[PDB]
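Counting starts at 1 for both ligands and their atoms, following the listed order. These values consider heavy atoms only, across backbone and side chains, with no hydrogens, waters or symmetry-generated copies. Residue numbers start at 1 and run along the sequence shown.
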Amino acid sequence: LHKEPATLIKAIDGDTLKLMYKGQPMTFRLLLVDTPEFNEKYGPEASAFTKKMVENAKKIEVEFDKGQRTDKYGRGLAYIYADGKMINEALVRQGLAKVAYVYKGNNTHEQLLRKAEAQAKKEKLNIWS
Ligand SMILES: Cc1cn([C@H]2C[C@H](OP(=O)(O)O)[C@@H](COP(=O)(O)O)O2)c(=O)[nH]c1=O
Ligand SMILES: [Ca+2]
């Protein structure tokens with residue numbers, strides 16, 4: 001896999017954001033995770049977490065997996081990095097997302113994320129509290 005440039009347009013919530021990619025606005029959905037919706041427990045916290053990471057970032061990158069790059073809603077499906085730190089992994093490590101939506105063929109970072117979730121679970125963080 002490889003990282004490609006993008007710039008932030010707008011934070012949306014814990015696991016979605018609007019980025020400019022190859023010069024075009026698109027909404028991205030984070031691969032392999034599920035944050036609570038804003039109206040759910042920890043939703044506001046997940047939103048804030050992702051917003052801070054992307055807004056503070058000097059460099060945002062998107063990394064597609066090997067499979068589908070757009071979902072049925074037209075959202076880009078990627079791993080998204082802020083100054084080299086993967087947001088998908090960071091949310092999970094903090095107990096602000098569950099590993100979820102693991103579809104065959106777009107699952108390159110599955111085991112990395114599951115290891116993060118185990119450690120969040122051990123620490124009884126947030127969702128796991
Ligand atoms: C993360 C992800 C979501 N989706 C689809 C599955 C779910 O369909 P349904 O809308 O029919 O439930 C939805 C969940 O996204 P959200 O968690 O953003 O609601 O997005 C994908 O198809 N591929 C993906 O990799
Ligand atoms: Ca969600």
If the cut-off is 3.0 Å, does any N/O/S atom of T16 fall short of it from the Ca ion (ligand 2)?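 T16 does not place any N, O or S atom closer than 3.0 Å to the Ca ion (ligand 2).
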Using a strict 4.0 Å threshold on nitrogen-to-oxygen distance, state whether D15 and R29 make a salt bridge.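 Here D15 pairs with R29 in a salt bridge, since their nearest N and O are under 4.0 Å apart.
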Whether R93 and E123 form a salt bridge (side-chain N of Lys/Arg under 4.0 Å from carboxylate O of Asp/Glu) is what I want to check.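 Counted as a salt bridge, because a side-chain N and a carboxylate O are separated by less than 4.0 Å.
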Within the protein, flag every N or O under 3.5 Å from an N or O of ligand 1, and note the pair and distance.
residue: ligand 1; atom: 8 (O); partner: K72; partner atom: NZ; Å: 3.4
residue: ligand 1; atom: 10 (O); partner: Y73; partner atom: OH; Å: 2.6
residue: ligand 1; atom: 11 (O); partner: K72; partner atom: NZ; Å: 2.7
residue: ligand 1; atom: 15 (O); partner: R75; partner atom: NH2; Å: 3.0
residue: ligand 1; atom: 17 (O); partner: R29; partner atom: NH2; Å: 2.8
residue: ligand 1; atom: 17 (O); partner: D34; partner atom: OD1; Å: 3.3
residue: ligand 1; atom: 18 (O); partner: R29; partner atom: NE; Å: 2.9
residue: ligand 1; atom: 18 (O); partner: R75; partner atom: NH1; Å: 2.8
residue: ligand 1; atom: 18 (O); partner: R75; partner atom: NH2; Å: 3.4
residue: ligand 1; atom: 20 (O); partner: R75; partner atom: NH2; Å: 3.1

Would you please classify the geometry between the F28 ring and the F64 ring as parallel, tilted or perpendicular, with 30° and 60° separating the classes?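 Tilted, since the angle between the ring planes falls between 30° and 60°.
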Which of the N/O/S atoms in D15 sits closest to the Ca ion (ligand 2)?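 Output for this pair reads OD2.
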Relative to the Ca ion (ligand 2), which of the N, O or S atoms in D34 is the closest?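 Closest to the Ca ion (ligand 2) among those atoms: OD1.
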Indicate whether any N or O donor in one side chain lies under 3.5 Å from an N or O acceptor in the other, for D13 and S47.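 There is no such pair between these side chains.
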Donor-acceptor side-chain pairing of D34 and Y101 below 3.5 angstrom: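 No.
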Does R114 have any salt bridge (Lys or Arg N to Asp or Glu O under 4.0 Å) partners at least two apart in sequence or in another chain, and if so, which?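 Partners of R114 by the salt bridge (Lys or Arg N to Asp or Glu O under 4.0 Å) criterion, ordered by chain and then number, come out as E110.
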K51 atom NZ, over 12 foreign heavy atoms within 6.0 Å: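 Atom NZ in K51 is not packed in, count stays at 12 or less.
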